[PDB]
Amino acid sequence: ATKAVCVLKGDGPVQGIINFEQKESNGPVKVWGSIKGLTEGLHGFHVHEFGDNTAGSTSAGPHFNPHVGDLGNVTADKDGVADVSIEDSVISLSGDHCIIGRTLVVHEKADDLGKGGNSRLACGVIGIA
Amino acid sequence: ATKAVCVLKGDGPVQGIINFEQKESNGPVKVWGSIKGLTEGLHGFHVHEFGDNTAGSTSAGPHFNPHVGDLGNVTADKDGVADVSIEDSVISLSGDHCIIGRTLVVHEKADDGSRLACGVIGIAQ
């Protein structure tokens, strides 16, 4: 049973802790936790290719994609709090789609997931728990 | 798989960026960079087991050791800056001794105490 964690931090007040759990390699990964500092509403949620935070989230590179790193959206409540509880079957804590050592980021805007009719607030490197 | 980077940050003034490169699987890992904010002298330099920074360096766990994570000491000069240039053949960016996703920490006292700064080691390439 592999487990991962990510502390999200930015220049603003955005911050959170995200947990990852995968009990079977090639099984689904459960991701859960909370993020604070958000404007209420839908915020894009992505794993980026590089665990490079030398320039904050700016150095994280592209959406991870061996998108595979597309985890959808999170939703902030009126205290700007977002409870995250996701189960993703595309990402992984091992092998080919492993996300350990990569960057997690919550985006300013919602991710319309390509179905829209046509700044990165915080980030952290995904580490072993 | 072949390069890693780690931003070291703590509560105090210690901060740095550290690089890792391994172009051959299971080959020696080259580690280099600088750290500033240190008292002049010898400071312990280790990889700790968890990439868990939920409590700063406090949640980082024990020295990584399935020590494998011991990288020796860095040495701060009179301006409190330590230039690092190390070659370690025990750590790796893959396999059993993979340090990617784990925590790098520089310690208060020398390694013949309090963790001054830490960071999660991430993929740079």
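The scheme used for residues numbers each chain from 1 in its written sequence order. That scheme is not guaranteed to match the entry numbering, and residues without coordinates are omitted from view. Each chain gets a letter, beginning with A, and each ligand a number, beginning with 1, in the order they are written. Side-chain numbers here rest on the full set of heavy atoms in the structure, without hydrogens or water.

- This entry, as listed in the PDB, derives from X-ray crystallography and reports a resolution of 2.600 Å.

- Per the PDB entry, the recorded name for chain B is Superoxide dismutase [Cu-Zn], and the organism is Homo sapiens.
- UniProt positions are given in the numbering used here, feature names are shortened, and annotations may be inferred rather than shown by experiment. In UniProt, chain B has this text filed under Function: "Destroys radicals which are normally produced within the cells and which are toxic to biological systems."
- Here chain B is described in UniProt, under the heading Sequence similarities, as follows: "Belongs to the Cu-Zn superoxide dismutase family."

- The name given to chain A in the PDB entry is Superoxide dismutase [Cu-Zn], with the source organism recorded as Homo sapiens.
- Quoted verbatim from the Function heading of the UniProt record, the comment on chain A is "Destroys radicals which are normally produced within the cells and which are toxic to biological systems."

## A look at the pattern of salt bridges
And step 1. For this document, the term salt bridge refers to a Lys or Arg side-chain nitrogen within 4 Å of an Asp or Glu carboxyl oxygen. Counting across every chain of the model gives four salt bridges over all chains.
And step 2. For the salt bridge of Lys30(A) with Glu87(A), the shortest nitrogen-to-oxygen distance reads 3.0 Å.
And step 3. For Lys23(B), the salt bridge goes to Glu21(B), with nearest N and O atoms at 3.5 Å.
And step 4. Only protein chains enter the accessibility calculation, which uses a 1.4 Å probe; a residue whose area is less than 20% of its type maximum is buried, one above 50% is exposed, and one in between is partly exposed. On the basis of relative accessibility, which here comes to 60%, the residue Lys23(B) falls in the exposed class.
And step 5. The structure contains a network of salt bridges with shared partners spanning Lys3(B), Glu21(B) and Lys23(B).

## A few points about unusual backbone geometry
Residues apart from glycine generally show negative phi values, whereas peptide bonds are mostly found in trans.
And step 1. In the Ramachandran plot, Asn26(A) falls in the positive-phi region, its phi being about 70° despite a non-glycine side chain.
And step 2. Labels follow the DSSP assignment, with helices taken as runs of H or I lasting at least four residues and strands as runs of E lasting at least two, numbered in each case from the N terminus. Here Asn26(A) is to be found in the loop between β2 (15–22) and β3 (29–36).
And step 3. For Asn26(B), which is not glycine, the phi torsion reads 65° and is therefore positive.
And step 4. Here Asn26(B) is to be found in the loop between β2 (15–21) and β3 (29–36).

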